[PDB]
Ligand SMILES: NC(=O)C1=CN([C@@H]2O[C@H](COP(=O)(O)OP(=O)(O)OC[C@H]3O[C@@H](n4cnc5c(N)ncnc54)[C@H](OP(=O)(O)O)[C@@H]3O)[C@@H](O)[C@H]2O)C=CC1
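One chain comes next, on its own, written as structure tokens: the form solved without this ligand.
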């Protein structure tokens, strides 16, 4: 009765924020989902129950995406529990803000590895099964930062641009198959990552005024002056994984409220 009934879905970094939203919207669309985190938490059961509220089979796994062996462990766990990985959502993404002059080298390395190389490892490990089964959906969670630049986000922008490029190459390498690769490029999304930013901006320039600080934060970059929701990102992912997008290959779905239209 649902578009994605019987599809096995694996979302990296899906125990919080955008990844959790994508997992929720995929399970709502009828897909079994494997949530991924770094290490187990007492609330793992609560999150798993929240996603399972949609009637699909839901699993949880704690794999550090930086280690390729753990990525392979995640894929094999999904294959054993639910069957071949059919939808792969490369969402693992961290942020660090600093001018290029003072950007720590280890932080740059971590951002590049987690946002770019982890997607490479997961795609490499999942492609053979998708080719064997004649169907697949590689969805990379990029940002508007993958299309345009922003100050003090050199590592993030470079990683997301590279993720879009890798999306293009993977789409081209599978163009004559039942496997598509595409990227989602959200704008600002309300999350702890952004709530801490809003609180810091209130400390800096707005003196603890939440409403004005948030309004200015959005007015800077998003013309809509509104936050993109995790549900909207997940709905874009569901559209990408839907049959209607069988010929959507190597492109971007931009959910930004106008950020890259200027």
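Here the rigid core means the biggest group of C-alpha atoms that line up within 1.5 Å when the two forms are laid on top of each other. Numbering follows the first chain given and starts at 1.
Another form exists, solved in complex with this ligand; not displayed. Remarks below refer to it.
For the marked spot (15, 143 and 193), a heavy atom within 4.5 Å of this ligand in the deposited complex is present in each of the three residues. Note on contacts: among 130, 155, 92, 138, the single residue with a heavy atom within 4.5 Å of this ligand in the deposited complex is 92.
For the residues 63, 29, 58, 236, the 4.5 Å heavy atom test against this ligand in the deposited complex is passed only by 63. Interface membership of residue 205, defined by any non-hydrogen atom within 4.5 Å of this ligand in the deposited complex, is ruled out. This ligand is not shown here, and in the deposited complex it never comes within 4.5 Å of any heavy atom of residue 199. Proximity of residue 38 to this ligand in the deposited complex: non-hydrogen atoms within 4.5 Å are present. This ligand in the deposited complex comes within 4.5 Å of a heavy atom belonging to residue 189. Residue heavy atoms within 4.5 Å of this ligand in the deposited complex occur in exactly one stretch of 120-128, 155-163, 174-182, 77-85, and that stretch is 155-163. Within 4.5 angstroms of this ligand in the deposited complex, the stretch 97-124 places a non-hydrogen atom from 114 alone. Of the candidates 46, 53, 212, 224, the Cα that moves 2 angstroms or more after core superposition between this form and the one not shown belongs to 212 alone.
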